[PDB]
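We've got the same protein chain twice here, in two forms, each standing alone as structure tokens: structure 1 and structure 2.
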Structure 1
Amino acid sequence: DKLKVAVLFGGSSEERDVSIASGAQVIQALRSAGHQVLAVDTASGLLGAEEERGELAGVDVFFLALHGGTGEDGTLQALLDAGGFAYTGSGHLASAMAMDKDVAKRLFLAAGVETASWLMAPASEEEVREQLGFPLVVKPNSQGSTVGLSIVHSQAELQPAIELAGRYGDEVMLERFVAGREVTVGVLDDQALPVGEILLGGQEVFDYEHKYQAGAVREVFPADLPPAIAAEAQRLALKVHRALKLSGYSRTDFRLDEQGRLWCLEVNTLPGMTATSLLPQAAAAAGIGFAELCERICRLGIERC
């Protein structure tokens, strides 16, 4: 039968605007399926009639429409664990691991999932030149939505990029740049969804502004890939999902180089659920509408907790 769902969204991370967009979509979708939905901005509280345009007693599950920060890195998950509350997405350890890109890439390698060489800042000019080369990617260790990320083409560009990434967290990653195509794989309850490609044109990376403006980039589900490469991307994403002990759903990002080899960048335990977002498009390609997707995520969270 129908659920009472509290959709937690907003928060105080650099991905707050993305989270508000996700929360708005999920609230409408679950209401469309006849569930009772309570909208909670975790930076303010329970929204009234106008703001949407005690009561949480009897809530079956908290839908975590949050992105980044304490909402995605395990902190909120542990808070809800300690309160005995059911929630969607991955648990405390799994969420904390997937947000730490450094730790996650060590586990990718342990699972047989290819990933680009990297160093954590600070790194000397010698270490960078010997192990990484140019161009390279500087990114915060625990951000999302491409926040804080720079492409570094020469040694003189490195320090400003590290300082930029350092404004968004305590650790900074220097990663070998993988030239090629942009591929992403959603997982829903231990099943891979159709692979998607993001067509970047002349751009080096998939940045914040192109991730969340409608029509800024073309996104193709199922991607126009040789069947064996798409099957490999799905095989690897499931290995990542299982390796980090994720639950419910996830979305894994790959770079596909000009030689046909896939390189795993990261996995996201709370991927975007907006209109332009990648995971809903992969689900729709699999035949799963957005409302059904939201309900299934709810029930997977209930079963786990």
Structure 2
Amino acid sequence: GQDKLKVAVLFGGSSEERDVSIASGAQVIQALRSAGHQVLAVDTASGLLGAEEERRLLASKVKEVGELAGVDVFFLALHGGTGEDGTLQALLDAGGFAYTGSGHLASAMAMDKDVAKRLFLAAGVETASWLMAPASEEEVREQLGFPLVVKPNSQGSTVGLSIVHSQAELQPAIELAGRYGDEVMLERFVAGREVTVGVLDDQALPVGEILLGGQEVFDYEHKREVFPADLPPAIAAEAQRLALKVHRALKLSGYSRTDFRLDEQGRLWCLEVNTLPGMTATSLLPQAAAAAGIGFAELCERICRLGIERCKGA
């Protein structure tokens, strides 16, 4: 009961992002089509896909490497830095193009884990103490302690991350993280449960928990999902309150996913916020939307219409 859209679904990106991005793009195309919208498939490498290319994209779920008129919005089905660093959002802002998710400044600030954690604190959102390399042996032991996490500041997740168990592992881990990024974070590790909060428009979705068998640091490094998570209602409500504060503090738009550590004393520690969380039917934010009665196709459409209305009011 609402006018149908012409959506261009953008996917692809760098080689390390393509497999996740291609799988998401195909699912988003099919979902918006089942809702009756006209969908165009665009690869960041080859451009607009023809009937044969799109047929093989929607079949094998893989793709190897002035006609966008009437397109109401660009659905950014990207993953990692290609969609997070803000370059594409700024380019689309220049042309008056409508797109999904956060804008250039909001995306770039969220990809900078260091700057994002500064803004968490300024918004009254607790976050684990951290230093940026270089850091002396005294600063690390005084403010962080061991064990601690070393990771590149802006290069996605997992890649280049390692746990520092003592002062003798700090410099090797910094060198390892330095192979993937220019800046390196030294973050205090918080033992506890892994909790995530999706935000859609201006409402927080049901809280979820990611359970790798354990709460110590071996589990964090060597990594079921419960929506809604098994949490005392006050703790779940506080994670939702803080996720909304983080969403507004970074001036995000459309949707976002904020990760927390929940320690044994019941206090939430904000890790990061993703402006481009995975968009498949089984991804974290779509799972949270399902716990609120919102299917994957309705989620993709709502995100499309949120991006349209943002471009209108700019």
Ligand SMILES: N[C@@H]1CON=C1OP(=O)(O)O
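Superpose the two forms; the largest set of C-alphas matching within 1.5 Å is the rigid core. Structure 1's sequence is the ruler for residue numbers, which start at 1.
Shown first, as structure 1, is the form solved in complex with the ligand. Rigid-core fit between the two structures: of 33, 238, 59, 47, the one residue whose Cα shifts 2 angstroms or more is 47. If you fit the rigid core between the two structures, you'll see the Cα of residue 201 move by less than 2 angstroms. The two forms, fitted on the rigid core, differ between the two structures by less than 2 Å at the CA of residue 281.
After superposition on the rigid core, displacement of the C-alpha of residue 15 between the two structures amounts to 2 Å or more. Superposing the two forms on their core, we find that the Cα atom of residue 102 is displaced by 0.5 Å between the two structures.
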